[PDB]
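Take a look at the structure tokens below, where one protein chain is shown in two forms, each on its own, as structure 1 and structure 2.
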Structure 1
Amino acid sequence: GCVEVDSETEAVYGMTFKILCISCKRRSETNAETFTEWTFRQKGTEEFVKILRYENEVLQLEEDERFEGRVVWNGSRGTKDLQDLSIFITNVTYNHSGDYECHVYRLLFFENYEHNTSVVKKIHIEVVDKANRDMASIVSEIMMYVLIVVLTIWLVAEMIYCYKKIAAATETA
């Protein structure tokens, strides 16, 4: 089916990055016609500005030196019923740090009835010179070692204590 997932936040300078924009419709068996527009606010700037528009399986890129030649489609393809609207940056630079908005305009076609929807997804991307490791992996890596050792010393401690008792009893008689 379709599962909405949020994009990663930190993009490494010099290499690629994928900005996820997934918006699943409530009932999957319905059919609709969707197109998307992306708007971008760079760090140190206040107003959002459009950067590209995708519709009818053809991507249109706005005139922007910071984005020209290094943005390609990465979402749903081969259909007009788009549910994945991601874009792929082939070369991340510090111009790309800022707030993004992924606007989705979806028109649903029912029997003698059509509903024009609209959804806006927000993404905040920060650019770094080197990849970092998430805390969940940092904290868990040490924890499995603490549990492993703390359980290993516990086992031997009981063995020695019971070894003391059993050996003493056997030698008693």
Structure 2
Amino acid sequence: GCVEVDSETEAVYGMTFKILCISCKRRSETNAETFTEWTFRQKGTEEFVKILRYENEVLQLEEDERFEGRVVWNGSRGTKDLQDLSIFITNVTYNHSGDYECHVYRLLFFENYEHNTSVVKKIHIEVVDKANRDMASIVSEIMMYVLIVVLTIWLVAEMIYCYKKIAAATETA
């Protein structure tokens, strides 16, 4: 099926970024018509100005200069039931580093009961200039190396101890 993953917290200047908003349906087989508002606020700015609107197939964007011709769609294509709301920001700059809101509005169809559900996904990004590797990866790599080295040391210590013991046992004869 589908799973909801959290978007990456940090972006890198000059390169591309992919902000994810996975609003998986609570029931997979239910037909739905999903559209979405994407907005955000700048760091140090207290507002929420709509930046784009995704519909059945077409993506619409405002006159905002921070995303004029530098954002593309990377959600579900040609399905009318999105279940994936991903913005691909090409040429990420310092214009966009703040708090994005993903307002996914889903009209779920049923027998004769159309439900009109709204979900909000808030994600914070902060563009940097150097790609900092995540703390979890660094800690895991350091722990891997420490475990390998300490276990090699334990193995060689046991081998030399057994070598001394077997020498003491064999020089007896």
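Here the rigid core means the biggest group of C-alpha atoms that line up within 1.5 Å when the two forms are laid on top of each other. Structure 1's sequence is the ruler for residue numbers, which start at 1.
Relative to the superposed rigid core, the position of the CA of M15 differs between structure 1 and structure 2 by less than 2 Å. Shown is the Cα shift of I142 between structure 1 and structure 2 after rigid core superposition, which amounts to 2.1 Å. On the core-superposed pair, the CA position of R133 changes by 1.0 Å between structure 1 and structure 2. Core-based alignment between structure 1 and structure 2 gives a C-alpha movement of 0.7 Å at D64.
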